[PDB]
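Take a look at this one chain, the form deposited in one PDB entry, written out in structure tokens.
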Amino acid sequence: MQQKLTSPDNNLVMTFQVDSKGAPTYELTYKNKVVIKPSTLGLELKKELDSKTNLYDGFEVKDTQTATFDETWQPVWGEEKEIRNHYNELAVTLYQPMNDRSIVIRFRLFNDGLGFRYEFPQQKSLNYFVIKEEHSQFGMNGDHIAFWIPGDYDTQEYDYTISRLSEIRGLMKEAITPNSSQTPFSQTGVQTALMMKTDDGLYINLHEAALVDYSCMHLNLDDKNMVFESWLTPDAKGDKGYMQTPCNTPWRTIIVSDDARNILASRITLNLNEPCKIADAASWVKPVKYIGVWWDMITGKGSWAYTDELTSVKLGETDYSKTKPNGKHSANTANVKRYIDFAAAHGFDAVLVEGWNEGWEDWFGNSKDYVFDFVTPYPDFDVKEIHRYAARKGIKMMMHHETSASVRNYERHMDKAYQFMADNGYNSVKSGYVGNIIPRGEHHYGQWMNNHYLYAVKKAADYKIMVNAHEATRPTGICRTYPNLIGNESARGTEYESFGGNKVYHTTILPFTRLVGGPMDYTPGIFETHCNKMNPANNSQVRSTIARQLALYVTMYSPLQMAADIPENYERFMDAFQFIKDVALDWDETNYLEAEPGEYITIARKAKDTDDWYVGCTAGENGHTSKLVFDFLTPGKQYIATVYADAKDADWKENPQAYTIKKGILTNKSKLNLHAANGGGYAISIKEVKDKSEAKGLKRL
């Protein structure tokens, strides 16, 4: 009666069966341990009691088809050169007599997890339909420890909370901190990817993959029975999805292992996404290391606005040439050139500039429709001169498209905006959606906006433009299909280190949650952790030591890496800055050395097309002691290794700038004991010795 699906290695077993009332039910075990207790699958549809609204029970198995897939592919950019997609599949065709319609639930079981989705075939009795609620259950076998953030339709910029599932309800109120756009939905609602640690030694990750033509999935916890259930984002009318057969829901994933490191190594999310749709991607999509006129405005030292004498702005009417400069506008030609010089002097690829265009005076919280035109520069920003100058220095300018959440306005100006970028040498753009969405009533993660974010990415691909979108729906592996989407923030980033700070263990969690599905533009690299040095009125302190900031270039994976501090501060710590300069952006191999969510993450990566390795470790409040074994290096080879570590007396709060830099030789026989301070870590560059002269005067570490 029931169907059994097993992973290639036999460790995981997914059992499927329709219960007595016709409800599709599944369960999952790992090494004979229950991971998912009997859980039902189905959806309730909006009424056009009407039986047609029922798409959750009264089903009977019409057909079952199995299959095995085992193919390897190569991402345009990633944590490794090649990814293996190996799974056993079970597709179940379910017929519903009362409605004379069928659906298919496809299961794909890998050695590290399970993925499933619903498929709605074109048929006489199922064409256009609206989803009221998706009812995908995830029954937990116990009151696990979770690493979560409040379920919210508009923001994911919350600090994580570590607690038992039974404790979420009582911590929700405090976990929900202020934000310009936020719509929490439940006292027990959380976002995905959700990370958990069980008492019987398992690590479980609940998430989704290929979120396309559908609303974002959050999870709502029944904290009495410990059952998580899909909770989609509603549109302006409360509906959760306009569908038209043939169509499918995104995949829902359960990644599990008794070794936390395997959670990080899993590629289930990417494997479940459609293959690359950009035929010539390889010729133009590429990693980017950059700096930018940014931290100035984030800390309050400088401003995005050109003037402070206007009550409001009317684009096309307000004549900025007649306004008085506020003396704080960082986005001015001379200043930009200084950044370009620094960028070129240290091997950076691009320079981001925010506040270059008209309109910033009204960018925040006004729910303004015609807020930006994305093409008209302020009087002090010479677009052409900056382009000529940047090109002369071998630098590329990164365009900035803050939309202030006015989406129709952005779409109306998009083609002209992208054409302006093309005409002026910008091949990458950082977009933003700060504020409540316009059309008013919609949320940042509903089906409507998900369509927009992808629309912006697909159009960008046509212009050979790469995109990094802040405030957009968190990633679900779509980068595989559209590799020009080199980033998103979509989580609490370094900017909040300027707004009071991020929890000390923040970066020891992000890799297990946010990063699953795509890279994050975290903008690490702050050396002067006291923001009051940028702006006297800003008393925020970055919760990190300098060594840990260096580590993030390896522990916070991304093909897009920013060195966020200002040039002046890097010039003060030029020796430590060398690691940021040296670190690669793309990798042929990645080895997860140590990993425990909320405590520590140590990773070693092999720079693409080289035999150079880079290591980074980020630790929580208890610090961490590592016993590194460099057996991943090549036998018979020697490497010039530079170790950037916390000083014995380092502390994120009391002594964040105390670090040591040691240079020596390493081989696959080398071993090192390193200690990461409280809120600290370390970084190591390991370069293969090409010429004997390189090792000249160096000894083993």
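So that there is no doubt, residue numbering starts at 1 and follows the sequence shown.
This protein has a second form, the form solved in complex with a small molecule, left out of what is shown; the following refers to that one.
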Query raised in the report: Applying a 4.5 Å heavy atom distance criterion, does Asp152 contact the small molecule in the bound PDB entry?
Result: no
Query raised in the report: With the partner left out of view, is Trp363 within 4.5 angstroms of the small molecule in the bound PDB entry by any non-hydrogen atom?
Result: yes
Report task. Give a yes or no for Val434: in the bound PDB entry, does one of its heavy atoms lie within 4.5 Å of a heavy atom belonging to the small molecule? Result -> yes
Query raised in the report: Hey, in the bound PDB entry, is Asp380 touching the small molecule, heavy atoms inside 4.5 Å?
Result: no
Report task. Consider the chain as shown here, without its partner, and state which of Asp349, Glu596, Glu354, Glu133 has a heavy atom within 4.5 Å of the small molecule in the bound PDB entry. Result -> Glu354
Report task. Only one of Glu79, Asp565, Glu402, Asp112 comes within 4.5 Å of the small molecule in the bound PDB entry by heavy atoms, so just point that one out. Result -> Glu402
**Report entry** Options 243-251, 607-615, 551-559, 463-471; stretch whose heavy atom lies within 4.5 Å of the small molecule in the bound PDB entry
**Finding:** 463-471
Requested in this report: Indicate whether the candidate residues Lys46, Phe129 and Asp235 are all in contact with the small molecule in the bound PDB entry, with contact defined as any heavy atom within 4.5 Å.
Outcome: no
